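As structure tokens, the next two blocks hold two forms of the same chain, structure 1 and structure 2.
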Structure 1
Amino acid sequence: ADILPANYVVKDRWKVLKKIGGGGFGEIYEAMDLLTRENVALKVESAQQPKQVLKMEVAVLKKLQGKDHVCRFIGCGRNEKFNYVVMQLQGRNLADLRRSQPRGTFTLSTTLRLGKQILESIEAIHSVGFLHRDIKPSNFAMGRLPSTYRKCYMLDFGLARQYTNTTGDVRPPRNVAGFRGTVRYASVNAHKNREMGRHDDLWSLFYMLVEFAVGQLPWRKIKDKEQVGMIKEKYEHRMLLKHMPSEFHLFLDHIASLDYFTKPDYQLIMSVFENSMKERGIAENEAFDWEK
């Protein structure tokens, strides 16, 4: 039973058309904005949920206004039954787009071009003092308009954590931190209950790109967090690069050397994607796999 039924109207403005997503922490709907006449995304969480994450989501989404790869903030509110955020509506997510591919793989062209946009999104959130902590294909969606269909948008800021403080400094990490994010894309550090850093969001991007190009990860079928962590610890990460562009060794080595305290070298990773494209004769203007 959905939190909101079809045609329910939020704050005399947003009319629920259909449920477009959900699972963790609540549900997301496509709604008609009765004031502006545009289709929007309405994200809701029940007010009786023990962990309320929309307060974080709203704060991060507002802090990100003006950045590329981010939904326009439309509104938000709270009541006794539910909390909500209203934002720009996008198209299909990357997990859905990958699963729809014949072999569940994207071409290197699509993989590398998505990698550039996701890396830019990751650098954008870190630049406002926040870690995403839940980097995964379903938290990235393509635009749905002729002016936005080749733009990839970063979604879901509910599990975000501010690593900076009021004075523009980096706060000390806690001695221990509860597991946050997806099991499939979490770094080994996240599995060990270490405080997550900027490098951990880059580990999730590394695993996503391997999954995009290869179609699977070695721990794909395992659901248990601990069993997955053991596989990732034991697994020779160089074996993940068998079918990857050779400059991915540079990406892997850089992230493997980082800790919570060290600012990543985002340009080093960008250079890996750019050289991988040029060495293959891949143009930036190429159509994405799903366009064909």
Structure 2
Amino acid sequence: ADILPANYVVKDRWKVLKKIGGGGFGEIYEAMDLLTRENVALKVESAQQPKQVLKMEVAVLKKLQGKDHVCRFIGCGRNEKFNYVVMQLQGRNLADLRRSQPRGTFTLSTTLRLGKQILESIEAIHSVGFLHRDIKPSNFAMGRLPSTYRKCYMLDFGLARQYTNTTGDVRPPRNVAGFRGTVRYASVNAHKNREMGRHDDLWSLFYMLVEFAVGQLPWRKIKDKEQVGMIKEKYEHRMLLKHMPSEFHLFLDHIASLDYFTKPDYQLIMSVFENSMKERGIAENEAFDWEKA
């Protein structure tokens, strides 16, 4: 049983059209906003379920408003049966969008531009004191509107966590953190059940961009968490670099050297992308791979 049936109308305003996944430890729905007459995204989680993440998820989404790469907050509410958030609906996610490409790879031209845009999302969420912790292609979507189809968007903040404190300083890490995110893109640290940091989000971005450029990561097959963990740790990452632009050596090297407590040099990563496009003569307003005829 889904949490909501089709044609359930939340708070007399949002009519459930269908499930689309896909959170979040909670289900996500395409819905019609009967007031504004637009389709919207509606994410609910059951109110009798141990981990109730959605309270802060609203708070992150709230603090982020005005930043690019975030969905516009539409509404939220709580009732004895479930909690819900309504926000702007978006186009196809990058995971689906990648598999649509003939050899499972995008070009570098797409990879780099998406890289730059996903990176901004990471920096933005960090900049308000939150780790994402679930950075993966299926958590990024292109726009569905004329004005937005070029823009890439961060979708779900279900696994987010505040890494700052009262004085906004970097809270002490925990004894063990349970790791409950997507196995394939998780950093070595997340595997070892350690407390995640800003750096760990960039690790995912790293692995993502390799899959985008190459079509596969080494450990793509293995479903078993711990095996992936072993394979990642013993693996010589400098080999993943082998098909990327050569300037990626700086990206790998910078994140390899970060830990929980040290702030990333986002600019440094940004420059890797921007130089890599400059040298490959790649413009900002070029067509993405999926608009290719």
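What we label the rigid core is the largest C-alpha set whose atoms superpose within 1.5 Å from one form to the other. Counting starts at 1 and follows the sequence of structure 1.
For the set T262, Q227, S257, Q48, a Cα shift of at least 2 angstroms between the two structures, after rigid core superposition, holds for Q48 and for no other residue.
Aligning the rigid core between the two structures leaves the CA of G26 offset by 2.6 Å. We note a C-alpha movement of 0.2 Å at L209 between the two structures, with the rigid core held in register. Lined up on the core, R78 has its CA atom moved by 1.8 Å between the two structures.
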